[PDB]
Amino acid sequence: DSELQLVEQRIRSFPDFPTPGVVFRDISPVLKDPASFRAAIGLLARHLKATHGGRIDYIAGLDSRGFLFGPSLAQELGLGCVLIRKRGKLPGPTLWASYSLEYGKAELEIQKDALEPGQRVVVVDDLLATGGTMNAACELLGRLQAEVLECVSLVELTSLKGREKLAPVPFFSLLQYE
């Protein structure tokens, strides 16, 4: 797939960041090359349309790098984009969920009126690692009685078994690295 190649060629890998042994996957060059960004959004949108048809109501973008892809993906599908944020950033009534991040805890948050019961959503972030962040997003959405059809990312680190963590919610990534 030439389109997938346009994305893969623009992932930059940095060893030992932020800690020794970790390989950081930097999607910045995908954003910087308009053809690469367009290819990434197009591949995600084709997959989602082919898989879910007209069932998707909204895209949910995850703070902060998911924000880079959510609105463009939503626009390509003709849908709105709702936001899941780090706790403390959103006004009005919210729900929040705690999860493990590195050595400590972090918290995600969503406005109670972001979705109504029965609405169907697809969550997007740039990269799936342990799956902790995506799992918390799924939990929050479930508490609004929204149905999470799928989670998607550009990159998946398969050795961390994020896919299994999200089951039985389906997951799809453009690219995979150990």
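All residue numbers are counted from 1 along the displayed sequence.
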Missing-residue flag, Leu101, threshold a third of other entries
yes
Stretch with the higher entry mean CA B-factor, where the candidates are 40-48 and 137-145
137-145
Determine, for stretches 10-18 and 150-158, which one has the higher mean CA B-factor as deposited.
10-18
Quick one: which of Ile84, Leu77, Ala97, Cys81 has the biggest Cα B-factor according to the entry?
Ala97
The third of the chain into which the C-alpha temperature factor of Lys32 falls is the lowest
Just say lowest, middle or highest third for the CA B-factor of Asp113 relative to the other modelled residues in its chain.
highest
